[PDB]
């Protein structure tokens, strides 16, 4: 997360860490007691998913739940065209027990409107190039589809939307993949991609446009 601040502990209860024995390669979002949503480029045959974390050390959180998962359902149009339809549903082995620090969030029905003040969180790269020790939070504003489409042409696809790109240089970055972008108390997008270096002025990050997939998500989860 570029130019953000430590989030208040457990203030983003839907945040999930997709981790390995040594690294953290992506985040995800709890959208149902038994399902975590993430970017399709974060795919793995199996996952160790960390919920209720602030620092990435599970023992530091009495309420943290590290859960296993091996079933992933990627959107069938992922990467067609290049980089589009960047989402995947990970079905946990067992439902998580929702608590004060762990909670699923609903997906936005309304599509992103330019100027909305939203929040993105993650454990990815900071402005100095180092990784944080705890979950980072930053506000970024949604950019119009007209600007997004022209800035990223021909990579822009309706399954994407742009946020950020201001002089404040706030942006998400490597390691924030699959993490949430929250607008109006709803999950509006997933950190998908952008340009390097992160946080260039006039270059907003790109996010998965979830308002375009609620039906597919509902169908996958429920069935």
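Positions refer to the first chain, counted from 1. Here the rigid core means the biggest group of C-alpha atoms that line up within 1.5 Å when the two forms are laid on top of each other.
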Looking at C-alpha RMS in 7 other deposited structures of this protein with the core superposed, is it 49-57 or 34-42 that drifts more? 49-57
Compare 199-207 with 18-26 and report which one shows the larger root mean square C-alpha deviation from this form in 7 other deposited structures of this protein once the rigid core is superposed. 18-26
Should the higher mean CA B-factor in the entry be assigned to 194-202 or to 152-160? 194-202
Do the C-alpha atoms of 207-215 or of 16-24 have the higher average B factor in the entry? 16-24
Highest CA temperature factor in the entry: which of 79, 121, 144, 95? 95
Chain third (lowest, middle, highest) by recorded CA B-factor, residue given as residue 136: lowest
Against its chain's modelled residues, does residue 49's Cα B factor rank lowest, middle or highest third? middle
Third of the chain's Cα B-factor distribution that residue 61 belongs to, per the entry: highest
Among the modelled residues of its chain, does the C-alpha B-factor of residue 177 lie in the lowest, middle or highest third? lowest
Give the position of residue 189 by CA B-factor within its chain, expressed as the lowest, middle or highest third. lowest
